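For reference, the structure discussed in these notes is given below.
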Amino acid sequence: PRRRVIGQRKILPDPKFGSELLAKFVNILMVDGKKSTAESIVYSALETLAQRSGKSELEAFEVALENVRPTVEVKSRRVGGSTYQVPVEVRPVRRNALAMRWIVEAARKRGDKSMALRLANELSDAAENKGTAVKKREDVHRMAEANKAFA
Amino acid sequence: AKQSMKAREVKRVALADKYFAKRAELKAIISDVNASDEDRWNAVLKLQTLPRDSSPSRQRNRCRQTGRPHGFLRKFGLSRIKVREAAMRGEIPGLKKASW
Amino acid sequence: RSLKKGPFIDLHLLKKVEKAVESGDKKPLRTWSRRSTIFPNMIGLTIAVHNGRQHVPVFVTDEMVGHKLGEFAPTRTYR
Amino acid sequence: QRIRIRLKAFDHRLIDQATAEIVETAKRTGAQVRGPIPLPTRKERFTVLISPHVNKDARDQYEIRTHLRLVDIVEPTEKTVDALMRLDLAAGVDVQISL
Amino acid sequence: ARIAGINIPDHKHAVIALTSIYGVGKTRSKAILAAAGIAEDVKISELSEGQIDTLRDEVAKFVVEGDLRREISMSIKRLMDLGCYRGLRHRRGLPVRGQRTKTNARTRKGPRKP
Amino acid sequence: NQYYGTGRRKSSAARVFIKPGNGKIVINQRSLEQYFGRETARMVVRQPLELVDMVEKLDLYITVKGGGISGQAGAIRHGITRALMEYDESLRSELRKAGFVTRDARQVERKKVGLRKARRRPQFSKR
Amino acid sequence: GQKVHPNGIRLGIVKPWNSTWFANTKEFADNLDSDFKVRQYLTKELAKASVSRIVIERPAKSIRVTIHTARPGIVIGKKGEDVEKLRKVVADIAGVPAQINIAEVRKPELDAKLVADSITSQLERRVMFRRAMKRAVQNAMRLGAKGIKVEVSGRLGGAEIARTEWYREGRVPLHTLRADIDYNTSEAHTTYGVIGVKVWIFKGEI
RNA sequence: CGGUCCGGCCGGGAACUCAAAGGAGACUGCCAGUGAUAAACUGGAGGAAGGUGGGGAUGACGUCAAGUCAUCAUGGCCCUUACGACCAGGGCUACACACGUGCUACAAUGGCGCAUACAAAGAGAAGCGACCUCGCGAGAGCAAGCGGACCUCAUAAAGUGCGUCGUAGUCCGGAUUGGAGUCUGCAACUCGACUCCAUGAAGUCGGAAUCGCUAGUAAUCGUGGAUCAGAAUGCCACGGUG
Ligand SMILES: [Mg+2]
Ligand SMILES: [Mg+2]
Ligand SMILES: [Mg+2]
Ligand SMILES: [Mg+2]
Ligand SMILES: [Mg+2]
Ligand SMILES: [Mg+2]
Ligand SMILES: [Mg+2]
Numbered sequence: 002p003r004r005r006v007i008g009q010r011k012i013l014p015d016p017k018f019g020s021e022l023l024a025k026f027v028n029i030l031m032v033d034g035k036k037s038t039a040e041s042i043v044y045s046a047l048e049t050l051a052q053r054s055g056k057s058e059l060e061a062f063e064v065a066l067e068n069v070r071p072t073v074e075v076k077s078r079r080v081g082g083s084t085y086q087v088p089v090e091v092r093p094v095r096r097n098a099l100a101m102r103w104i105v106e107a108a109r110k111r112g113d114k115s116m117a118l119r120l121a122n123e124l125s126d127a128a129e130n131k132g133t134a135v136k137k138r139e140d141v142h143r144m145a146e147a148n149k150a151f152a
Numbered sequence: 002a003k004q005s006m007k008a009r010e011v012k013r014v015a016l017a018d019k020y021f022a023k024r025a026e027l028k029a030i031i032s033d034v035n036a037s038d039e040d041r042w043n044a045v046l047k048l049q050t051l052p053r054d055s056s057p058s059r060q061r062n063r064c065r066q067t068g069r070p071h072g073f074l075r076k077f078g079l080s081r082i083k084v085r086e087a088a089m090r091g092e093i094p095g096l097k098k099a100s101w
Numbered sequence: 003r004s005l006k007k008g009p010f011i012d013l014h015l016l017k018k019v020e021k022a023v024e025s026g027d028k029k030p031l032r033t034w035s036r037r038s039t040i041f042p043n044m045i046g047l048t049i050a051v052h053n054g055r056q057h058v059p060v061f062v063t064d065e066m067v068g069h070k071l072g073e074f075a076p077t078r079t080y081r
Numbered sequence: 004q005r006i007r008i009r010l011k012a013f014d015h016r017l018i019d020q021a022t023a024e025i026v027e028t029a030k031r032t033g034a035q036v037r038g039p040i041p042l043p044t045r046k047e048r049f050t051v052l053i054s055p056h057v058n059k060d061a062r063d064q065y066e067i068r069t070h071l072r073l074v075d076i077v078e079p080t081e082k083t084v085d086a087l088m089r090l091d092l093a094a095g096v097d098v099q100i101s102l
Numbered sequence: 002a003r004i005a006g007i008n009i010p011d012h013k014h015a016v017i018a019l020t021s022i023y024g025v026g027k028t029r030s031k032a033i034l035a036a037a038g039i040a041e042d043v044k045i046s047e048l049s050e051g052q053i054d055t056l057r058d059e060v061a062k063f064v065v066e067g068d069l070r071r072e073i074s075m076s077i078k079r080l081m082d083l084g085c086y087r088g089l090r091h092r093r094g095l096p097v098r099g100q101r102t103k104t105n106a107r108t109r110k111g112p113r114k115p
Numbered sequence: 004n005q006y007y008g009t010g011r012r013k014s015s016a017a018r019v020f021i022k023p024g025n026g027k028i029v030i031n032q033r034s035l036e037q038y039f040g041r042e043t044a045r046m047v048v049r050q051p052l053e054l055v056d057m058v059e060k061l062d063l064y065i066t067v068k069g070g071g072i073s074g075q076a077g078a079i080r081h082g083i084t085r086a087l088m089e090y091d092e093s094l095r096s097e098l099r100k101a102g103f104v105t106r107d108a109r110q111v112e113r114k115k116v117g118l119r120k121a122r123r124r125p126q127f128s129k130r
Numbered sequence: 002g003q004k005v006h007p008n009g010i011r012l013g014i015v016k017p018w019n020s021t022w023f024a025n026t027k028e029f030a031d032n033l034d035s036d037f038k039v040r041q042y043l044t045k046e047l048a049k050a051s052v053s054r055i056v057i058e059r060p061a062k063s064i065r066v067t068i069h070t071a072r073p074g075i076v077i078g079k080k081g082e083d084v085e086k087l088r089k090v091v092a093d094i095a096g097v098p099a100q101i102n103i104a105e106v107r108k109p110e111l112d113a114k115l116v117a118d119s120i121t122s123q124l125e126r127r128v129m130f131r132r133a134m135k136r137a138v139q140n141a142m143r144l145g146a147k148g149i150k151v152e153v154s155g156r157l158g159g160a161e162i163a164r165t166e167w168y169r170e171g172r173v174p175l176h177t178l179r180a181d182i183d184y185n186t187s188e189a190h191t192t193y194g195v196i197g198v199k200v201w202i203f204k205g206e207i
């Protein structure tokens, strides 16, 4: 990425609802190249989340995503020996990508019986903004308002 | 390798075809037949009296020019170094630098 | 450890075990055969088994039958 | 009945040129000729260490391509059998006669 | 529940509950339930005293618990008094089977000390 | 006469035959559901029959050898589209846009000497 | 860095094999040692006879040795006098019957093996290496070579610190597979060690 | 298409998959924008492929008196009734420890049991060895085909379907050791691989620090090969999912 100015790989939509954002989500959860078992966990968590929150499977994801979606983040920059944290406005594409990544990482750190349950309860905590994932957007916010002078 | 280490292999081949090819094979198949002689054979004992070097398993595959006991290839009968040397001179038929 | 189809013993040592039974117990039997399985016809004898440099004399016992002669002659000095 | 010719050669532009000779000699002396049938090439690959001592990643990768050709002549005419038997073919091509 | 060697099996499935005895692994536990005419996917609940003693009589055939422990220890001491290589290593707390001692041999030696 | 189109992806090779009438799918003397245990692999073969309309308009006799689940399924997707152009040729425009005409040249990279895999390099040690 | 053998890399492209025979895994090793043993005999015997190349082909159960030489008269002898004594022992070494063919090397100053062997034989007569190299280069360029490169390595002229010296005239594109590059080695066994001669002759493209 | 033991299996058909020789094709060629009207870059059309399309082979003059006198070759030196040579046994496998490279883990994206869909590329006559039979098993006996697109190694595993375990040092994890064996080999004590029964360590995700990888890549899941009597978690290669 020094000289080469590349674009972004347009991935195929979801085989169930046809959502590109969900195709990003299944891949984020996916491990060891097991897409079959990855969508099986995402669909089982969506089936248990929409049922236990009042249908709208696309919208129940969107409510939990709006609370984890960050606006600003810090960028480590060494100017004069010292390392300065510069606050920078995140792009709409990465906004969702960071939001999805923290949902998966927080559900993995949970102690439930299954990943379909771990994901559902993390998506439930995010919908009401009171989980490990919303706190990762909170710590990112406190870091940005602090270094607000070096913007 | 050493001239003595090369000679030791010539002895190991000469004794491999003399006994363990036409005589010791006969007493080893006998020391396996369950149908005949289950206790009084002496074939296991008379196998010991035969020279040690006579066994085919006691032979080491060595580079047919240098005598190298390591990095041998049966296809050419030579070690990786002398294989490469002949390969580049086109002395090995149909052999060339492959890429896929 | 091996196939049940005959336990192994060296002919030069087996003939030395035979000669020691009929002519009576002598001094330690100097043998390098560490690969030979101990037979019941050995119990009571003193077989001097090699270790690489000296011959370790081992008094044969009934519980020693089935085991190799080289188990009772340490090969590596460790102190 | 039928005569089966199996050709083996490390060089390809030598096997089909010597095959062209067998097919033509047979069809000229009036015989039914099936093929030249191109059978799969056996690629015997070899990897040798290029350094006399140490240097594990430094290697030479070679192959021996063994080309295969099948020529089936249906009519065993005396004019064809004798024409094929007194044919001078490349010394680097092996010919297997199957009755 | 209480079978052969004083131990009190949990209220888990029959095959896993029987492995609790020292001398019965996965194979003996599958063969004991096949000989006594009991299912492997059934718990201790419903298994009456008439079904317990028939398994106790079945397991009594092979050396288990304290009886097996002394048998294992006897063969270890036998090698030790014999003076064999196999015995000299049970006496030195090092790998008997032939494994390397230059490095990784921590199960037998125990945890390291500088 | 039967409308033919060859399709391939990875080490999989699929042959597709088109005949009008019904919405039947026969893959290697088996049903569409019987062969593929995944619904994602079932939808990719249904993809050419979306832009170009079919519910019970035409039948397809298909056979595929080599590769795996997504490989075979991907190969069939390419075959149907090639058999579809064989039947009309004005369908090229709709088939380009969807990216089904293009043969996916992505093959597995060879293992290289000195490397653990195709690109995976063994762990480095400074001292 | 280290360079790829110019002959080896071009085998199949613009360069031919020295062994054309075919064999299965069964006798491939047995034939290869028989080839080494026959070349070894002939290089030792026909040393002063300017042997440039030796080609071995095995028609059925026979050996056909094609000796490429710049001096065919000395190799043949008095009406086949020398060919008969060679074939007789080639048949003995190989086991199968022998047939020796003699290929004339017209311009030997354009043959890598003969140029290299000439530098080697000169270094052993106590000639100055720089003169030997320049003479090899000049002779090759005046006879039509599109290019030449001659390299001599180790204890040059008896020196304690070994050097690697080279003379290059013309074009020598070692990266073009299409190019006809004739490459061969030779070793000069001097009173003060082994001196390695490497010669590259570019004859033209295609 | 004609005939069915429903097996391409037999007449046949040269259509197709494929096999392997020859040939076409992609060059910023076209269009548009940016740019000194240049070079080039960006985007688009067509196209199976687009800007060296993907991968490999190919490593300039030279640098580090960098590695190899133990592959071999070799100036000099040294031993030459010994630094040579033969043999048996032992050692290279020792074990207070330290570092580097790996494998296997710590589990429910998982363990186990049954059922089951889909590869690629290799190897083979002193060989691969089916089918059948015996043994829980490693194997063994008997014995076809095949020097091989025909026969054999050889059941791909991940995955999918159902059931079970339900956050537990556990139906996780397999070390270590006891008992009995199998095969190869003159011979498995030191010091082989594998099987069966029992044992069930540490480990519940790793401090400071640090490595690989930009796409069919990483991650994971099997498969084959060279060496090799036997002895792969190494190496070399192969496709699956991704
Ligand atoms: Mg020597
Ligand atoms: Mg050996
Ligand atoms: Mg237990
Ligand atoms: Mg082509
Ligand atoms: Mg280039
Ligand atoms: Mg140095
Ligand atoms: Mg387990």
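Respectively, the protein sequence lines represent chains AG, AN, AS, AJ, AM, AI and AC. According to the entry's author numbering, the residues represented by the first sequence are 2 to 152, in order. According to the entry's author numbering, the residues represented by the second sequence are 2 to 101, in order. According to the entry's author numbering, the residues represented by the third sequence are 3 to 81, in order. According to the entry's author numbering, the residues represented by the fourth sequence are 4 to 102, in order. According to the entry's author numbering, the residues represented by the fifth sequence are 2 to 115, in order. According to the entry's author numbering, the residues represented by the sixth sequence are 4 to 130, in order. According to the entry's author numbering, the residues represented by the seventh sequence are 2 to 207, in order. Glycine is no exception: its CB is placed at the ideal position from the N, C-alpha and C atoms.
Spatial neighbours of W34/AS in its chain, beta-carbon cut-off 7 angstroms, leaving aside the 5 residues before and after: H52
Reference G74/AI; option with closest CA among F20/AI, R95/AI, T43/AI: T43/AI
Exposed or buried, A108/AI, counting other C-beta atoms within 10 Å across all chains shown (16 or more means buried)? exposed
For the alpha helix (DSSP H) containing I30/AI, name the first residue and the last one. From DSSP, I30/AI is part of no alpha helix (DSSP H) but of the beta strand (DSSP E) over 28-30.
Please specify which runs of the beta strand (DSSP E), each continuous and at least 3 residues long, are wholly inside the segment 90-161 of chain AC, giving them in chain order. 99-105, 148-154
Interface partners of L13/AS on chain AN, CB under 9 angstroms: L46, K47, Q49, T50
Within chain AN, partners of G68/AS - CB distance below 8 angstroms: By Cβ distance, chain AN contributes nothing, its closest Cβ being about 17 angstroms from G68/AS, past 8 angstroms.
Just to make sure I have the definition right: I need the residues of chain AC whose C-beta is within less than 9 angstroms of the C-beta of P57/AN. Which are they? Within chain AC, no residue comes near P57/AN; the closest Cβ sits about 17 angstroms away, beyond 9 angstroms.
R61/AN: CB within 7 angstroms of a non-hydrogen atom of ligand 2: yes
Proximal chain AJ residues relative to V116/AI, where beta-carbon distance stays under 8 angstroms: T50, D60, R62, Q64
Checking 8 angstroms against the spacing of the C-beta atoms, do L31/AS and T48/AS come in under that value? yes
Using a Cβ cut-off of 8 angstroms, pull out every chain AJ residue sitting near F23/AC, in sequence order please. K11, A12, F13, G95, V96, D97
Which word fits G99/AM, buried or exposed, when buried means at least 16 other C-beta atoms lie within 10 angstroms of its C-beta? exposed
Cβ-Cβ separation, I64/AC to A95/AC (assumed contact under 8 angstroms), whole Å: 5 angstroms
Is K46/AJ helix, strand or coil by DSSP? strand
Under 7 angstroms from the C-beta of residue 2/AS: neighbouring residues of chain AM: Lying before the first or after the last residue shown, residue 2/AS is absent from chain AS, which here runs from 3 to 81.
Quick one: using the 10 Å Cβ neighbour count with 16 as the cut-off for buried, is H190/AC buried or exposed? exposed
Closest Cβ-Cβ distance between residue 1/AS and chain AM: below 8 angstroms? This structure cannot settle anything about residue 1/AS, because the visible part of chain AS is limited to 3 through 81.
Beta-carbon proximity list for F18/AG, same chain, < 8 angstroms, skipping 5 on both sides: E58, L59
Taking the alpha carbon of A50/AS as the reference point, which residue from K28/AS, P9/AS, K7/AS, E24/AS has its own alpha carbon closest? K28/AS
Give me the residue from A15/AM, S46/AM, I22/AM, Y23/AM with the minimum Cα distance to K31/AM. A15/AM
Taking the alpha carbon of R172/AC as the point to measure from, which residue in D83/AC, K204/AC, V39/AC, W22/AC has its own alpha carbon closest? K204/AC
Residues bridged to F203/AC (per DSSP): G148/AC, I182/AC
Answer yes if the segment 108-121 of chain AC comes into contact with the segment 137-153 of chain AC, meaning at least three C-beta pairs across the two stretches below 8 angstroms, and no otherwise. yes
Excluding the 5 residues preceding and the 5 following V55/AI in the sequence, name in chain order all residues of the same chain whose CB lies nearer than 7 angstroms to its CB. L87, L94, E97
Closest Cα partner of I6/AJ within the set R48/AJ, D91/AJ, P79/AJ, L90/AJ: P79/AJ
For a minimum of 3 consecutive residues, which ranges assigned as the beta strand (DSSP E) are wholly contained in the segment 40-73 of chain AS? 48-52, 57-61
For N140/AC, which residues in chain AN fall below 9 angstroms Cβ to Cβ? Under the 9 angstroms cutoff, chain AN gives no residues; its nearest Cβ is about 24 angstroms from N140/AC.
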